[PDB]
Structure formats: structure tokens, C-alpha cells
2 protein chains.
Amino acid sequence: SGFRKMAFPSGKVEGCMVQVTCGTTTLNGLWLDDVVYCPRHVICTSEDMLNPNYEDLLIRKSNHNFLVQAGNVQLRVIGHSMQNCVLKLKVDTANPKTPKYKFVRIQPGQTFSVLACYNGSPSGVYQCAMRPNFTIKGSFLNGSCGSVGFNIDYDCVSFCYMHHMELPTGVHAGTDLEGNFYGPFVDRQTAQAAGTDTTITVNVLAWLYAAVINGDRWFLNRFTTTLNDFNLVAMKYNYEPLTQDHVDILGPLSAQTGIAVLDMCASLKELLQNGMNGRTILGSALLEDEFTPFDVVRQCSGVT
Amino acid sequence: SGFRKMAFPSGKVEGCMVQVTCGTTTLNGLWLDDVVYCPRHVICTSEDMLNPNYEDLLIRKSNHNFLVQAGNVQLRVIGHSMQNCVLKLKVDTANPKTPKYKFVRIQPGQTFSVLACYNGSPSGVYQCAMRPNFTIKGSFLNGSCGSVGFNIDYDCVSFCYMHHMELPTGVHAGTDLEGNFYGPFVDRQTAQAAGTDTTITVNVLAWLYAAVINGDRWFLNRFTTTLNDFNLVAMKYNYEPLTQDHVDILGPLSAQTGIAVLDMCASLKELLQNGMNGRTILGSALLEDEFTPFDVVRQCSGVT
Ligand SMILES: Cc1ccncc1NC(=O)Cc1cc(Cl)cc(N[C@H]2C[C@H]2C(F)(F)F)c1
Ligand SMILES: Cc1ccncc1NC(=O)Cc1cc(Cl)cc(N[C@H]2C[C@H]2C(F)(F)F)c1
């Protein structure tokens, strides 16, 4: 028993972390096969960030201007290209520590582990979610750009995120490993709005199932509800709509505990209306929406 | 910015995880040099756990009764010994992936990362604290015994914990890597009391410094306090005594923010007395005591 915010083991991703330097700008790179991926703003200066024309800035740079380093050893950049907001540097050596990998663009509501890195070296690992408004709440400082988000499917690493920036609003924004930003953000020094964020309803329900599994049942009531009446309440408390697909996804947790999904939606309906009266659920005095139903199944069933 | 419960990168510890099997009992082992460490209850059966005489049970077992496995390959146990509550199996091969390591018995109040493992394979990594009553609040299931707790000091892994058991009370209990249990627990199927737990005051203050660093300053008041008046309040709200040594430890956070330690103790004194009125600090609606002042310094300064 016990339920923690747990990250995937970071080992397979640590062997992919290198240091990328262009001029005086030093950030992190992801080394998979003979390609080192990093955020394109590595080619910029302080003045260039205000409104960079990356096409022009990249033309001014040749392969020899990029220093890729995998520990105490240097790699040779023998090619350079721009795929959206990422730099693809073709190195002469292919990562001997490359694991089985994939590049996936994650859906909002889904979670992933971030390996926070500074100067190509890993500092720590933590789990976060892609919020419905395509922002993430990580922990990143100057030097963390190029740090990646990932999921592990047995032995295959699915890279889903690469950190690009923290906006003046404290929002963390980045791209998938094809340089496509999540949400409406751009790699430009300008004020950018994130948009109205919402609660991931299927995730709150998944964490209420984790709490039931872990002995916290105080919130279970002799009340039931319908999907429509529940979604009327969810709308009011700015929660994402609950579909029958989300009910199906919640099925393994419904089977493990014996509590139907609508009976759980009724407990959650009361939790929103009455509050929780100081009381805690899994050691939290608020509703936690950053655990997917899949993260609950994995943690509570011992998936390795 | 951002402040998360962050674990050390688990890579150096994943290369030390093997599967130990004695009879029908399968758990995790830690392979360092030519020694595989695991909890001694691996030699037990369901009937043996009620009141095991481990000296007798171990005599009944010879080296050939232990199956150590490092992935898809098997190792040869050429020696076996009992150091308190751990089994030290001398294998014929020395771990090629052994990193620079140490064995430290951690103080209550300190934190560490746990690499949760099942059948010698890592499932996830999470950070937890050794509570003042020498219990931990991890996330462990059947098959997780032998999973280890650790800290990283640049490149040196300090192993501090090995999971042994979850008591009927949900408490997680285990030993240091010398088989000495933390607290008063024994590896025997009997009801065991943990003792009165207290809040780690220096840790709550460290997390209030992390919140100030991250823009949450609402709780900072035009009030100050003395160590004695603060400890009178801390006693009331079942908080660990605050020493001048804890004030010294908090110094780097005091310097970074400009807020004296006693001014922070006064904000915390009000937080205990008034509550927090639904308001959140770093996304939590309660006081968080599982971040050491050192974890705050490391996360907020980019220590790799
Ligand atoms: C500093 C940091 C912290 C956390 N995560 C990410 C980051 N880094 C960024 O955001 C990179 C970034 C992106 C944009 Cl579009 C502009 C700049 N501009 C120039 C001014 C200099 C700065 F690094 F000090 F910010 C920087
Ligand atoms: C199951 C588990 C879950 C989380 N962390 C740890 C564990 N495992 C334990 O506690 C091991 C343990 C220790 C003690 Cl002293 C007795 C037993 N007895 C026998 C009955 C069988 C059991 F595994 F099903 F519990 C087991």
C-alpha cells in the first residue's frame, strides 16, 4: 500500500543526455542514434530572442558552430537542420546507450516523467501532467532547456516532451520531439497567454479509486448519480466533461474496488459541493488531478 | 521556477537490481561488488514468519538454495551470511555496473529516493522521508521487498534503506544496508506499534523558503518571533524542536530570500494558529514537511 507521485526509472534516458553549446549558449540535448535533438533557441543571443527569424539565424550558423558533448568526450556535428522548433544535429557517432524508443505527441490530461538536466547532467526526476491548456507544472531553472519528458512501456521509451521555456507567468512550455509546441506558445520573448485551465475529471476519479484501494473511503456515500447530472456539476466546478470512454478507462479501478463509476462520480459531486472539511485524501487536502487511470493501475498492480 | 517532489536519477541504482529466489519466495536484491544484499525473510515460508528463529532457518539453507538473477542471466552464490536482518550472498561475478557507493544509516527527518522494484525489475522512483518515528510512507506491494532507498552525492550513491515490510497499520519499515532496522520494528508477523510521529519543523520552514523562492509570499507577515516562543507553539502543534543548528542549516534559504529565520518562524507560528483558510502554498492546502533544507537548496540551485 501507499500511493505516491512516482516517476519512471530514469536510467534509459540518462544515457541519452548530452550538453549542447552554440556560442555562449549552453543547454541540454537528446542523443538518439546519430542525431542530437535540442531547442532551436540555442542559436540565439539575448538580443535575438525578442523576435528571432530562426531561418536567418540558422543560415548564419554552420555545423562547426555547434559543440555536442557526451560526458567528458566531444562528438562531431556533421549536419544541422531545423524541424519546427528543434535543432537536429547529425553527429558522427551513434549513441551506444540508445534504448528502444518512440516519439509520441501526448494528449492533454496525460502524464509523463521529466528528467531535469543542467549542462547535460541529470539532477532529478519527477512526474507531471500535460494540463488541458497544454502547459506543464515542472521544476525548471536556467540551463534546463532540452530536458525531456518521457513514458516507459516495458523497455521502450516514448519521448513526449522537450522543455523550451518558462513564460513570465511561470508557465512551462515546450514541444514534442518533432519541435511542435504544445499549445499556442512560440519561442519568442513576448507576453503569451495560456488560456483557461480545467480539472482533469477522469484523473480525479482515478485518484479517488487509488484512495479507496489504499483505505481512504470516508468520501464514499450512500448516493449515486447519472453522467448528465454529474457533468452539470463538473461544468460548474470547471472540470473536463466525463465521457463513457473515460468510464471505460476507469473500469479496471471500478473492478478492483467494487465501486461503480457513477457511485464514485456521486462521491466526487458531494466533494465539490460540500468541500472536504479539512479532511485529507491520500495525504492531500485537495482533489488531485495529475494521476491518470493508467498511473493508478500501474502503481497499484506493480507494472515494471 | 516550480517546486516538485523530485527523486534522484535512478540509473546508477537500476544496474544494481537483481532477483533473489529461495524456494518459492521471490524478492529483490542489491548487487554491489561480489555481494548481493536482500532481506533475510527470503529464507522463510508463510508458517515461518509468525516467530522465525533465523539462525536455525539459515542453517537449514545452503548456498545452492539461493537463486540470484541479474536480468536474463543467472549468478552463482558461493557464500551466504546473516548481518542482522540482511542476507549477504557472495556471488562468483562482481557487478560490472557497480557505481561508486557508500552505506549510510540516515537520521530521522532526512529524505531519500526509493527505486520500487518487482522481480528484480524497476517499476518507479519516488522521494520520501524517514519520519521522526523511523517509519516511511512509500508505495510498496507484494514483491517490493529488497527495494532500496538512496541519495546521490554527485556520482557516489549512498544506500540508506532496504524495504522489509508493511505492518497491518500500513507503516513501511525496513533496514539500513547493514540489516539494522530503523525504529523498533522486527521481521516477525506480530502487531507492532510505531510510536507518536511528529512534524519535521526544519523541513516545513525549508518548504516555506521554497514557496517564497517560487512566488508564494502571502503567509509572510509583519510579525517576528523568538526561538523559545516559537518552540512553545511548535510543542502545542506537535512539531520537532527547532535548534540554532536548524537555523544554521536554513541559512542558505535565508540568504537567497532575504527573510530571517525568526521572521519565517513567525509566519509559520500564525499558519499553525490561524490555519491557512483554504489557501494553498506550492499547490498544497497543508504544511509539507518532507523536503529537507538540502533538497530545497539542490532543487532551487540546479545541483546535478
Ligand atoms: C530561464 C528558464 C527557466 C525555466 N525554464 C526555462 C528557462 N529558459 C527560458 O525560458 C529560455 C528563454 C526563452 C525565451 Cl523565448 C526568451 C529568453 N530570453 C533571455 C533572457 C534570457 C533568460 F534566459 F534569462 F531568460 C529565454
Ligand atoms: C506484502 C507487502 C506489501 C508492502 N510492503 C511489503 C510487503 N511484504 C511484507 O510485509 C513481507 C512480510 C513481512 C512479515 Cl514480518 C510477515 C509476512 N507474512 C506473510 C503473509 C505473507 C504476506 F506477504 F502476504 F504478507 C510478510
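Any value given below was found using the heavy atoms of this structure, including those in side chains, with hydrogens, waters and symmetry copies removed. Just follow the structure's listing: the first ligand is 1, and inside any ligand the first atom is 1. Each chain gets a letter, A, B and so on, in the order the sequences are listed, and its residues count up from 1.
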- Cation over ring, A:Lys5 on A:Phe291, under 6.0 Å and within 45°? yes
May I ask you to decide if B:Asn142's main-chain N or O and B:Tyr118's side chain share a donor-acceptor pair within less than 3.5 Å? no
- Using the ring of each side chain (for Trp, its six-membered ring), is A:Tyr161 parallel, tilted or perpendicular to A:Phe112, with breaks at 30° and 60°? tilted
Inset, instruction - Determine, using ring centers only, whether A:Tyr37 and A:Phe103 are less than 6.0 Å apart. - result: yes
Just by distance, do the side chain of A:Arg105 and the backbone of A:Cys160 share a donor-acceptor pair under 3.5 Å? no
Margin query: Ignoring hydrogens and geometry beyond distance, is a side-chain donor-acceptor pair present between A:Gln83 and A:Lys88 at under 3.5 Å?
Written below: yes
Taking a 3.5 Å cut-off between nitrogen or oxygen atoms, can you list every pair linking ligand 1 to the protein, with distances?
residue  : atom   : partner  : partner atom : Å
ligand 1 : 5 (N)  : A:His163 : NE2          : 2.9
ligand 1 : 10 (O) : A:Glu166 : N            : 3.1
ligand 1 : 18 (N) : A:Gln189 : OE1          : 3.1

